[PDB]
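Colleague: Please work out how this folds:
(8 chains, ligands or ions: 2)
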Amino acid sequence: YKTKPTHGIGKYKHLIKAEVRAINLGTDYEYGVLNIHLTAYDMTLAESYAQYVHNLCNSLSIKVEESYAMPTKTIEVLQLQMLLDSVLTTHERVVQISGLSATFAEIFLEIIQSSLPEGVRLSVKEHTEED
Amino acid sequence: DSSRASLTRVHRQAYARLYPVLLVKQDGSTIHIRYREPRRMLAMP
Amino acid sequence: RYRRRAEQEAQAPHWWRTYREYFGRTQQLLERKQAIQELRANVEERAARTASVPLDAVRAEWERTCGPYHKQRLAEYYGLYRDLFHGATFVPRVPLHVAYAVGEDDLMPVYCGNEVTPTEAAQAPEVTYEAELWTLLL
Amino acid sequence: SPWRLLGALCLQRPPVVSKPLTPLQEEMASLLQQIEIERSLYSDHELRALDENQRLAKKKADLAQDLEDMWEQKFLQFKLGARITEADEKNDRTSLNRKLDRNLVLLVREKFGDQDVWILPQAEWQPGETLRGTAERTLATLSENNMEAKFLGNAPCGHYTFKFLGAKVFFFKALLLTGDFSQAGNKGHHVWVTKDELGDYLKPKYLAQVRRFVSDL
Amino acid sequence: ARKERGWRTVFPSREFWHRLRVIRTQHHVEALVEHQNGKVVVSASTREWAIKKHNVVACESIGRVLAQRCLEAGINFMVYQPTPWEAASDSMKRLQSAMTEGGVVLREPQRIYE
Amino acid sequence: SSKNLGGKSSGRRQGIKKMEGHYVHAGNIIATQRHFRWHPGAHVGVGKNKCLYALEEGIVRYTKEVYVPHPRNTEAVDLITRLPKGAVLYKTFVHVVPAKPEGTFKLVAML
Amino acid sequence: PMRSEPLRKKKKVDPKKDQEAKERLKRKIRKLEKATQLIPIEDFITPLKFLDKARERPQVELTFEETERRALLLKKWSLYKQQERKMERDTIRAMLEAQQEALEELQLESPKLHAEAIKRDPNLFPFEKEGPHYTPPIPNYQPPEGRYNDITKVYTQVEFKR
RNA sequence: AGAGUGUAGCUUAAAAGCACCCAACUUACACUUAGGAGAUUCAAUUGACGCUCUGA
Ligand SMILES: [Mg+2]
Ligand SMILES: [Mg+2]
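Modeller: Numbering: from 1, shown residues only, chains lettered A, B, ... in the order given. Ligands and ions are numbered 1, 2, ... in the order given. Find the structure here:
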């Protein structure tokens, strides 16, 4: 009898995975694709906070999907005050996020707030951008 | 808790020296940045 | 991580069909607590970032404490208990140090599972076990 | 049961200055900057400090330092604008500029008829409006300031009770962007208190456990 | 005696008479010597409260004490079959160097016919 | 018009040749297959076209064992590392329980 | 080819209006190429001006008194980050448990407050905050004691009004 | 005042296994490799400290 009372014993594809907004009405809006943008006049401090964010999210099991970088700004001394010249540059980097709740929303912002270092800026938003 | 991300190296291989430069903003506030050409000050117009 | 989990499943009951079917104190921890705390300083953590670990003192510690538990395994793997006693295990708490004479010196010892030649075992072995009436049986 | 309807908020200023770094943290910045130097490579400062030097050291027998002290003299003439508003005042604890390295909470007083309750600022919610704007109406009225000041969340942070008719209190959270606190020497008895300073400003369990929604640091 | 010559798809090969398994964990490192049946014959873990006294230094310590015990158990030939990332781990290179120099050879001589 | 052309291949004759509980001498082909359906178990080999043969003279049994692939098998180690943590794979295997003991000690002389 | 399918749908027929959208789309090709923002690359990549000039500053040594010092500071650092992470991790632990009961109370008290609390305010979308600094100050780019870096206004131009 | 009790985070673990932390690779994460850290609330199943509860 081919099949058996042990049929389906090895099925490796419903277990594994295969191959906007977050709607969720009433509880409502369970923040979806948000790009938190880490920007600094430094390089190492900006990277070390994306370091801190990404490890924070996986600790809190809320999903991250990108960690890429916006490329670098090319500005001198802006010659608005013998006219001065020295190139100070800015290093921006993207951290994405996919899963958030309403009830973790204001809290998970605080751990980003309280731990945010010297001279860096965040900016949460939705998604319409490319490199 | 502004110290959690404070201390780090350069995580790259080939790279110039970065010096402890104190840039300072329109709002009066100064910041420890890292920059070449060790002007200890930079002032942004 | 999966190989750790998957080798747990091959000891389970498994109702279907398995290859295994056809082919199968209180002062003790208190003294040990200060022991590691004391032993964490004389390594100066300078012997970490290449210590030797003298085995012979360790062996005397092993034979007293976890000798007999371990020694029961070899007496079952070699299948003494299913030939000696028809099953019916025992855990030997008396450490039996038996050895034979290679002439004058040295001693070829017998451990639990060793190999000694019958040239060495012509004459009866020199025995000590450091315990207190016994019959010894070969 | 009849329940006494009452709302609240909690306000926080952020640290505008980073924390003074600990004695273990100060060493690590020294070692990490040391190891940054030796792995470094092709320095524009040292391309002109070592190897223009060897032609200026043998032209005489046949830049680097003149640019140094100019980088020191504006380092010297610029007196650093102070991080110090602690030892000068020592007393004006209702200042918006007292602490620089830690988060604060706004803290007021109402001599009640029944008790005399030192209060973490509250509100009352009418049957029409939300619980969320019930926070929002009180920084305008109860203290007469101009705090354009973002709120965070609609779900609250703290819930403690007192039943004699039962009462309730619903603690929220918010921040400051900037501060126009009008007429700071007002006798609406208010004060800007840290975590470490409200240990002797709270008596009761209705306020003793509101530390369970502050960032502890 | 027969080695189980099959199992060409799965890992590890179950063709041996005596294997060497090591269990790297937190706070400890174990080393088991097994038969084909899964009956462990000698062991040396740092739970033993005898080598708890006196990490890589913990790993190369067991290569000293267990190669002491296989000679005391008559076990002279081994097989060590690791994942290719712990074969290049600095702990196991010191384990095998205390094991092949400690007396046993980890190579399992051939099952002679004819 | 019948644009379709080519499907005139004959049947491969691939399947179990020695079913469960059969006596199998050493070298008999237990099964022939493509796209693994039965993996080798104890005393069962694999040839180039994935057939299964018996390595010892015995009796063939079929079990359901736990599938751990080789860590160089890069097409299927990523098969593991997308499973959730309760998961094991459970392929099926073909064993040969050997019947004959591999020899006996016999008197040859009296010397 | 949805970029050029507007083009020849206007090129084939040719009224007057069809010539405006075709012309504007050539601008709107280069508008979309400046609206979507593949033209830039990262400066993660190394300039090979840094390639040959590695051999300018190679000298290092190591000493046992440095090395033993470099040992324990990292262990104390591995100690220091370990407890303060736990303090941070019990902080978020304690501030959700003071959320979780604080939601179950009003949700089991009042059904109007039940629905009102689980939504939020959409001012979390435009949130942007700047870091703590070394100096706040009481002012600034220096008010005119004798120093300044603000752009001072006599014959007033930073902008065209003043 | 009444109560449930009680192994570091967790555990039909009994001084264990997982989690966790810092490095080194990775844009980062992950993996791996080198390390790091810890508990039976205390006295003879009792008695007595820590929390969480039911109080005013
Ligand atoms: Mg066909
Ligand atoms: Mg046909």
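
Colleague: List the contacts of the residue nearest in space to the middle of chain E.
Modeller: Nearest to the mean C-alpha position of chain E, by Cα atoms, centre = their mean, lies residue E:20 at 2.2 Å. By Cβ atoms under 8 Å, 6 or more residues apart in numbering or on different chains, the residues touching residue E:20 are E:31-33, E:78-80, E:99, E:106. Just so you know, the C-beta spots here come from the backbone N, C-alpha and C atoms, and that holds for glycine as well.

Colleague: ok, now with 7 Å
Modeller: E:31, E:33, E:78-80, E:106 (Cβ atoms under 7 Å, 6 or more residues apart in numbering or on different chains).

Colleague: Does RNA strand H have contacts with the longest helix anywhere in chain A?
Modeller: Using DSSP state H to define each element, chain A has its longest helix at helix A:44-59. Yes - for helix A:44-59, a contact with RNA strand H is found by Cβ under 7 Å from any atom of the strand, at A:47, A:50-51, A:54-55, A:58-59.

Colleague: Counting neighbours, which of those comes out on top?
Modeller: Highest neighbour count within those: residue A:47, with 22 neighbours (other Cβ atoms under 10 Å in any protein chain shown).

Colleague: what about residue D:113, how many residues close to it?
Modeller: Neighbours of residue D:113 under the rule other Cβ under 10 Å: 6.

Colleague: Need the contacts of residue E:20 in a markdown table (columns: secondary structure and neighbour count).
Modeller: Shown next, in a markdown table, are the contacts of residue E:20 (DSSP: H, G, I helix; E, B strand; the rest coil; neighbours: other Cβ atoms under 10 Å in any protein chain shown):
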| residue | secondary structure | neighbour count |
| --- | --- | --- |
| E:31 | strand | 23 |
| E:33 | strand | 21 |
| E:78 | coil | 22 |
| E:79 | coil | 16 |
| E:80 | strand | 20 |
| E:106 | coil | 15 |
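
Colleague: Pull out the buried residues from stretch G:93-109.
Modeller: G:95, G:98-99, G:102-103, G:105-106 (16 or more other Cβ atoms under 10 Å in any protein chain shown).

Colleague: Sticking with residue 11, tell me its helix or strand.
Modeller: Using chain A. Residue A:11 belongs to no helix or strand when assigned by DSSP states H and E.

Colleague: Enumerate every residue touching the spatially most central residue of chain B.
Modeller: Against the mean C-alpha coordinate of chain B, by Cα atoms, centre = their mean, the closest residue is residue B:33 at 0.9 Å. Residues near residue B:33 by Cβ under 7 Å, 6+ apart: A:41-42, A:119, B:21, B:23.

Colleague: Strands along chain A, start to end?
Modeller: For chain A, strands defined by DSSP state E occupy the ranges A:34-40, A:91-97, A:120-123.

Colleague: so which of the ones you listed gets nearest residue B:43?
Modeller: The closest of the strands of chain A to residue B:43 is strand A:34-40. By Cβ to Cβ, the value is 18.2 Å.

Colleague: Just list what that closest one packs against, helices and strands only.
Modeller: With contacts defined as 3 or more Cβ pairs under 7 Å, 6 or more residues apart in numbering or on different chains; DSSP states H and E, strand A:34-40 has these neighbours: helix A:44-59, strand A:91-97, strand A:120-123.

Colleague: could I get those as TSV with distance to chain E?
Modeller: Compiled in TSV, those are given as follows (distance: least, Cβ to the nearest Cβ, whole Å):
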stretch	distance to chain E
helix A:44-59	19
strand A:91-97	30
strand A:120-123	35
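
Colleague: so can I have JSON lines of these showing distance to residue D:154?
Modeller: Shown next, in JSON lines, are the helices and strands packed on strand A:34-40 (distance: least, Cβ to Cβ, whole Å):
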{"stretch": "helix A:44-59", "distance to residue D:154": "23"}
{"stretch": "strand A:91-97", "distance to residue D:154": "20"}
{"stretch": "strand A:120-123", "distance to residue D:154": "22"}
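
Colleague: out of these, which comes closest to chain G?
Modeller: strand A:120-123 (4.3 Å; Cβ to the nearest Cβ).

Colleague: so which of the contacts of residue B:33 also contact chain D?
Modeller: The subset of the contacts of residue B:33 within reach of chain D, by Cβ under 7 Å from any Cβ of the partner chain, is empty.

Colleague: circling back to that earlier point, which among the buried residues of stretch G:93-109 gets closest to residue B:8?
Modeller: Ranked by distance to residue B:8 (Cβ to Cβ), those are led by residue G:95 at 27.2 Å.

Colleague: can you tell me the helix or strand for that closest one?
Modeller: Using DSSP H and E, residue G:95 falls within helix G:64-109.

Colleague: Mind giving me the packing neighbours of that helix?
Modeller: helix A:105-114, helix D:23-38, strand D:158-163, helix G:111-118.

Colleague: How about whichever residue of chain C sits closest to chain D, nearest residue that isn't a chain neighbour?
Modeller: Of all residues in chain C, residue C:49 sits closest to chain D, at 16.4 Å by Cβ to the nearest Cβ. With sequence-adjacent residues excluded and distances taken as Cβ to Cβ, 6 or more residues apart in numbering or on different chains, residue C:49 is closest to residue G:71, at 5.9 Å.

Colleague: Sheet-wise, list the partners of whatever helix or strand the residue nearest to the centre of chain B lives in with their directions.
Modeller: Using DSSP H and E, the element containing residue B:33 is strand B:30-35. When pairing is defined by DSSP bridges, strand B:30-35 lines up against strand B:19-24 (antiparallel).

Colleague: got the contact list for the strand it pairs with?
Modeller: Residues from elsewhere that reach strand B:19-24, judged by Cβ under 7 Å, 6+ apart: A:41, A:88, B:30-36, B:38-44, G:149.
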